[PDB]
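Number of protein chains: 4
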Amino acid sequence: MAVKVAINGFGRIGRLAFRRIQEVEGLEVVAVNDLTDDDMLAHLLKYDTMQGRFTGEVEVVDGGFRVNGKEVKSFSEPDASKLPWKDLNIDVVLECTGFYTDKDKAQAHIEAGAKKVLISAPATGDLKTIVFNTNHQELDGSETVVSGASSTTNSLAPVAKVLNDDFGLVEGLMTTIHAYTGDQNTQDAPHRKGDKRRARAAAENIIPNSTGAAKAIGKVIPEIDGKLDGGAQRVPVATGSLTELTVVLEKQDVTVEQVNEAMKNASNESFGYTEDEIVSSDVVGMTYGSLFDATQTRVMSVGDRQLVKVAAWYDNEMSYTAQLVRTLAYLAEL
Amino acid sequence: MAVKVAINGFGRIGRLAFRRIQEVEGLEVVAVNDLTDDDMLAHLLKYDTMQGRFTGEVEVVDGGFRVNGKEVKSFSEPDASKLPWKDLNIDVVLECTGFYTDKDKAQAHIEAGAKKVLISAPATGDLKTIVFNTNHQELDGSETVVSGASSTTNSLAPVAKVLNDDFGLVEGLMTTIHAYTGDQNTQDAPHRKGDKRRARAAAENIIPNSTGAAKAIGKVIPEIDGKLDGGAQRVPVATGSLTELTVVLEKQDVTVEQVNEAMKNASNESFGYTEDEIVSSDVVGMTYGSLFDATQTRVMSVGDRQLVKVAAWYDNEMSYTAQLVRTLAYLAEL
Amino acid sequence: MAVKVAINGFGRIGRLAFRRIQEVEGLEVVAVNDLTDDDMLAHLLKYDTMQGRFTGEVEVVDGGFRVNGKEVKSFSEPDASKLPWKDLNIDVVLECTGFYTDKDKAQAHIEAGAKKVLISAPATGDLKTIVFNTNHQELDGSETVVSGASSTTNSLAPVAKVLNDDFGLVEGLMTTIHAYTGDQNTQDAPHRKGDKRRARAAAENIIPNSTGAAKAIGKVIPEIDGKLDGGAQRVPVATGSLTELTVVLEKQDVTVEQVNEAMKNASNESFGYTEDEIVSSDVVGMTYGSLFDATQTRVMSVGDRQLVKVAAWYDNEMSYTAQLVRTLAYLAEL
Amino acid sequence: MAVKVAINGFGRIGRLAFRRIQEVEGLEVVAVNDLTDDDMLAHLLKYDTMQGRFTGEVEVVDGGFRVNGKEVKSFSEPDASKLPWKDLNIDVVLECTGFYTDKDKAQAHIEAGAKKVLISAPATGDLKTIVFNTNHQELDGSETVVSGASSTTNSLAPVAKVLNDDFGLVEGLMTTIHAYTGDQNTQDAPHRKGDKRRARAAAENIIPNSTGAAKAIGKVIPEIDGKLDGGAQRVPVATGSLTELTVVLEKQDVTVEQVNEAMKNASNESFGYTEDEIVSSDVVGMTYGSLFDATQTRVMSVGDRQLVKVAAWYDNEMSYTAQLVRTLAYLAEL
Ligand SMILES: NC(=O)c1ccc[n+]([C@@H]2O[C@H](COP(=O)([O-])OP(=O)(O)OC[C@H]3O[C@@H](n4cnc5c(N)ncnc54)[C@H](O)[C@@H]3O)[C@@H](O)[C@H]2O)c1
Ligand SMILES: NC(=O)c1ccc[n+]([C@@H]2O[C@H](COP(=O)([O-])OP(=O)(O)OC[C@H]3O[C@@H](n4cnc5c(N)ncnc54)[C@H](O)[C@@H]3O)[C@@H](O)[C@H]2O)c1
Ligand SMILES: NC(=O)c1ccc[n+]([C@@H]2O[C@H](COP(=O)([O-])OP(=O)(O)OC[C@H]3O[C@@H](n4cnc5c(N)ncnc54)[C@H](O)[C@@H]3O)[C@@H](O)[C@H]2O)c1
Ligand SMILES: NC(=O)c1ccc[n+]([C@@H]2O[C@H](COP(=O)([O-])OP(=O)(O)OC[C@H]3O[C@@H](n4cnc5c(N)ncnc54)[C@H](O)[C@@H]3O)[C@@H](O)[C@H]2O)c1
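Protein chains in written order, with my numbering: chain A, 1 to 334; chain B, 1 to 334; chain C, 1 to 334; chain D, 1 to 334.
Pasting the structure below:
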């Protein structure tokens, strides 16, 4: 009575998805794939700088590793098509490598014998893109390859839904103050992608960087396609981020208290609500996809012209991971 | 015949002001006041974590200390009215303690015998708030107490002025992503002003915080009074900051190129312009009050309806200090 | 039913000791004192940059704050001698302010009505300095004022005791690579105790500093009095530290293996043992006083002459606090 | 007649060497090779997070880039034997990739037409390891491939030389508290060489790591072959490092003053001396290979048995680069 999951890419997302899946009955990681030995894998599962020590027991054994009395088969294969997914009976591949972010590229897992693929990032192609608790009812089981969207898109989507539904979204800009990630360099150095900002010492700088999140929000919410854009600022915290959205609305005479009350009313397991004066380190490890922060809501009015600004915290690691694993369980049921 | 300056608070701004004044002909620092002794004062002047070693000879003498063959007397007197300003024929106090940011309170320096005071911060009371090269001309010689505004206000004013003069400023919101400062706690601990966010480990968090830069811009540019608002996020870089501004403009079919060009045309020694993809560490020690970054200009257009975003860097330490010492020499000569 | 505890100084060690007491039956914190209000105290209890969110619920109430249904009384009285310790029937004060670290200073609490005082630091005067599971046995219940030693002494003593007992300590030198603490400055600035290195930006430097842990070890282990000395390097992690000790011994032809086994054989709840290649963030929140790392044992031999190096991790915050609370329970039950 | 230098690997050491060479007449960098494009090489030369802005002007041109009016040719070739060193009359290659750290591999540069190769690290094979002003006089002219030693070795050699000549070195152990480097990971992730410690987030951790600097000291000072060993602790400063050495000496009754005078007596342009209480950010950019800090000197005596401890600072970046360049000029001169 268990969905067989494979994780491809035992990185920040793959390993935390593993932690998360240890709490979900009939979701079972049976295999992992990465570019390293089992020793490295076990070690990175047990010890995690920002996320804390793994909550149980990990042992390096023959096939891969032993976790809480259950065998996880391990692989070191960089080509997905060469994976023994048929032999292992893989129900869902959690695609967390970063190198398969596309319907066609990700098809490789289907070939290998897996039935479904959920990608842990935006992907290109004829795919559904899903934010759990905003978007997931759009799934139905016809789907073969699915995208779980991005960390920022999951912090942003439910905020933007309330704004448009209650106020009419005219247009908006976003800046996310985002923790630095592994694709940024440790020291100033050539960047494999040619990006002169990601090339810079990650933990020593405020770094402007591109994001597709707001420009691509149409994918999870069609009613506001092309109404939002924005960028990121990468700063020196290792995880935990903040999304800031500035919008023009159709409804006039909107107040700070109307905005906060309408977000609080939309709150759920995915969309948290707070009025405490928290900081980034306080959301590290949290499982809400987006935590709306009422202390940061601002309204600028001049005559009949208004600018409305809001902000929501997210552990770009764990908040995204928890949303990804919610979508996985729902996807798997269908 | 040289202007005689006393620096109250030999802190980050006060010691960098000391460095600047060594470049300005006919300004001399004859005295310094703080809460410590000469061993500490000299040492902090010689070694500076973010701004580099001070170049000349610094020796502790009987007066206080000697810098490059020049005597600076020093005192350790928390009560400014007891300072010997009359005896030393002080022309201007640079008030950099953070404890006299008020016209009435700053009057303690005038009672002690200084002719004028220039405060290194926003200040309450019946006084002028001055951004060099935006409104320093508003000074006419009859001022005894003057505020040199804030780092953020200095980064924001020339940008906001061009937006209004060239496009018609309807309204706008600001975020400044600001390096952490000395009023933040090293570790989570009770905060002296009761701020629950400045209570937190400065170097381990993105911390939201208030700033009056946009709200009180009318003091510097009266014609856009009440048109801007916004706040700050304090992040773990030790100096160097970015101001992001989102606005609606009367001019209707705005392009990135029009905005970038209007800014370049306003550049001078206070207001720089760059087209390079820089990060915060690149502005450390710069002497522009504000460096416009043309790579971060965006125009979001939905039908006839546009939002415009711009960003300008500032070394909140050295950019602010270079501006303060310019306003200082100008005020002295009046 | 429970020993009634008051915490003087609700700082890092105060708050963590509060959290730790929640989990030790027979101990109850009935009051807290600091220099702040209840809004701030409840906030710092609930939220913690490195140590994570408080598990229970916390609420400001009229005399203080309620934690998990229990009322804690709070006060903000800088002079210990005025605290209503008599009417609260306080059994022990945990003295965690940093301002009463001497026997006669701490006596103020006794005069205010506490039965006993345990100071969260080295302390001067006629008192016992106690590291739990190395020498707490020297307490006989009759003590009025006791020192819980330092984080570094607690990391060091069990290690030094094994080296001496099993190999005969001749002499040795220590360096502790130690997380930065609240008594360092956020930015370069005058330091209160005139210390020119603690003056420096804590999160941006390696900073040599003094410590007495090794030189005063004799207070904890009399038989090696005078044999150890050494220092600290403060570095940019917010908590988590490592004690390295290089010794000369009486035993000859000593091997890495004999040293590791001796250390494992002495392991208990205060002295941990590991062979995992962990790093500082891995010890954040651990409740061992000292965590011996067998991967860092080195022996240098030249002919008949050897130097033996070892290293033991500690969370200078939580390791020390768990040692404190054990000594507290022991002192109270006598 | 100016020496013609090609730099292989335009990274931290290669870029800094390029900058340092602009300060040294007789030496001309004519070519640069790496794995990126001209836009990125030029940008990373112009901007540098820790070492500050390049003083020169830099322009991308058809062959490469122009620096102050002189053309530097640039190549994008991973196989060094395919490089056009004979066409360009390369006198010395500065091999700074990390990928040719071997006599036989480095020979690819000579095959390709360069007269000599100087490797920016320790190297395998039958070649000499040079720390300038300690053993550079061992270069007799016949050499074609040479090692510039490591940053730690350059910090340690002049210190160990004095201890041995003046006091007779019996044995010693070393710990270097070292800035994180580019081969450590930004976030916890699998590591290229299977190192479970360089795997972990560089800027969030104290990370033990192995160094060959002490153990291989004998290649630089043969008289002390085998008498030193030790390791490293990598910490969250982006550059700037400290070497502590703990030693047994033949000379008895050694004092702090004798050790300090003896080090002051050996100072030169490679080996600096200070009595100021500095921290790591104060050495960033310094051109001494080793800066002895007299404030950190300690002598432990127990009867007739002493341990002596010293510490020397180095900018692992610029201290080593300035040494490498001195060795370059010397090696070129014969
Ligand atoms: N904040 C975040 O870290 C964040 C949030 C949401 C989504 N994501 C997305 O999740 C994906 C993974 O992100 P991450 O943060 O874990 O990065 P990461 O580098 O930690 O993880 C990538 C892992 O995949 C492995 N890998 C790389 N190529 C492989 C291959 N071809 N076959 C098998 N394994 C391979 C690597 O060894 C590495 O461990 C990315 O697409 C990223 O954009 C990241
Ligand atoms: N990014 C920035 O640091 C920045 C930018 C612009 C303006 N400012 C403003 O300038 C002022 C100083 O800021 P800072 O960053 O230099 O802080 P700081 O703490 O480094 O400097 C304060 C100095 O004043 C001394 N001092 C405090 N009270 C005193 C008193 N009563 N009498 C004499 N000396 C006293 C302190 O010992 C300290 O050296 C503040 O008002 C701040 O708002 C700071
Ligand atoms: N690594 C560590 O942080 C650590 C480890 C072991 C021991 N210690 C020791 O424990 C003590 C506290 O350390 P900390 O890191 O928690 O410091 P901290 O600054 O976080 O806490 C000190 C607290 O005492 C307060 N205070 C309360 N009442 C006071 C009063 N009555 N008079 C004066 N000050 C008062 C301050 O407001 C503050 O909250 C110090 O002795 C320190 O050396 C600290
Ligand atoms: N503190 C230090 O950074 C330090 C000090 C002294 C010595 N070193 C040594 O110097 C060397 C370089 O270290 P770094 O810190 O500058 O590293 P780095 O990563 O910044 O630089 C290496 C550069 O070489 C390039 N490269 C890699 N392979 C190449 C190839 N085959 N052909 C051409 N270019 C290639 C990379 O793109 C990169 O720009 C290493 O041996 C290192 O151990 C480092």
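Here a beta-carbon is modelled for each residue, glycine too, at the ideal position from N, C-alpha and C.
Reference residue i; option with closest CA among the options
{"i": "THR211(C)", "options": "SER150(C), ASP183(C), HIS191(C), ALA160(C)", "result": "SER150(C)"}
{"i": "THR152(C)", "options": "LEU331(C), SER301(C), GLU333(C), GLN323(C)", "result": "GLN323(C)"}
{"i": "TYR320(C)", "options": "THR239(C), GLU143(C), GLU333(C)", "result": "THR239(C)"}
{"i": "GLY289(B)", "options": "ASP166(B), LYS86(B), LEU307(B), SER267(B)", "result": "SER267(B)"}
{"i": "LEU163(C)", "options": "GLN252(C), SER76(C), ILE130(C)", "result": "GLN252(C)"}
{"i": "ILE224(D)", "options": "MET286(D), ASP315(D), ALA160(D)", "result": "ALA160(D)"}
{"i": "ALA114(C)", "options": "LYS103(C), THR97(C), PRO122(C), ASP87(C)", "result": "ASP87(C)"}
{"i": "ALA80(C)", "options": "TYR330(C), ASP188(C), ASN8(C), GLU261(C)", "result": "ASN8(C)"}
{"i": "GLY141(D)", "options": "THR124(D), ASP126(D), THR246(D), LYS116(D)", "result": "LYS116(D)"}
{"i": "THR144(C)", "options": "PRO190(C), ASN265(C), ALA106(C), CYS96(C)", "result": "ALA106(C)"}
Distance CB(residue i)-CB(residue j) smaller than 7 Å
{"i": "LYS196(A)", "j": "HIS43(D)", "result": "yes"}
{"i": "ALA203(D)", "j": "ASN185(D)", "result": "no"}
{"i": "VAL170(C)", "j": "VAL248(C)", "result": "yes"}
{"i": "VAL259(D)", "j": "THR297(D)", "result": "yes"}
{"i": "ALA332(C)", "j": "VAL92(C)", "result": "yes"}
{"i": "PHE54(A)", "j": "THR327(A)", "result": "no"}
{"i": "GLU28(C)", "j": "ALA6(C)", "result": "no"}
{"i": "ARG234(A)", "j": "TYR314(A)", "result": "no"}
{"i": "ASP48(A)", "j": "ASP188(D)", "result": "yes"}
{"i": "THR287(D)", "j": "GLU244(C)", "result": "no"}
{"i": "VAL279(A)", "j": "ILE207(B)", "result": "yes"}
Residue i CB to nearest heavy atom of ligand 6 below 6 Å
{"i": "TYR320(D)", "result": "Of the ligands this structure carries, namely ligand 1, ligand 2, ligand 3 and ligand 4, none is ligand 6."}
Interface partners of residue i on chain B, CB under 9 Å
{"i": "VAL237(A)", "result": "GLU204, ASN205, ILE206, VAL235, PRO236"}
Under the three-state DSSP convention, the category residue i falls into
{"i": "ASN33(A)", "result": "strand"}
{"i": "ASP62(B)", "result": "coil"}
{"i": "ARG19(A)", "result": "helix"}
{"i": "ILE278(B)", "result": "coil"}
{"i": "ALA108(A)", "result": "helix"}
{"i": "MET300(B)", "result": "strand"}
{"i": "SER147(B)", "result": "strand"}
{"i": "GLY168(A)", "result": "coil"}
Chain C contact residues for residue i, given Cβ-Cβ distances below 8 Å
{"i": "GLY194(B)", "result": "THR36, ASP37, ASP39, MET40"}
{"i": "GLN296(B)", "result": "Within 8 Å Cβ-Cβ: nothing; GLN296(B) doesn't reach chain C, min ~26 Å."}
Contacts that residue i makes with chain A (C-beta to C-beta distance below 9 Å)
{"i": "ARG20(B)", "result": "Chain A residues near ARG20(B): none, gap ~24 Å exceeds 9 Å."}
Proximal chain A residues relative to residue i, where beta-carbon distance stays under 7 Å
{"i": "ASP229(B)", "result": "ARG298, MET300"}
Contact set between residue i and chain B, taken where Cβ atoms lie within less than 7 Å
{"i": "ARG200(C)", "result": "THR49"}
Proximal chain A residues relative to residue i, where beta-carbon distance stays under 8 Å
{"i": "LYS309(B)", "result": "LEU173"}
Within chain D, partners of residue i - CB distance below 9 Å
{"i": "residue 335(C)", "result": "Past the edges of chain C, shown from 1 to 334, lies residue 335(C), and the structure says nothing about it."}
Inset, instruction - Mind checking the region 256–285 of chain D against chain B and listing, in chain order, the residues whose C-beta falls within less than 7 Å of any C-beta there? - result: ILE278, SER281, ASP282
_Residues from the region 45–71 of chain D in contact with chain B, defined by Cβ distance under 9 Å_ = Going along the region 45–71 of chain D in chain order, one finds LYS46, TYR47, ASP48, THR49, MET50, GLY52, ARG53 with a Cβ nearer than 9 Å to chain B.
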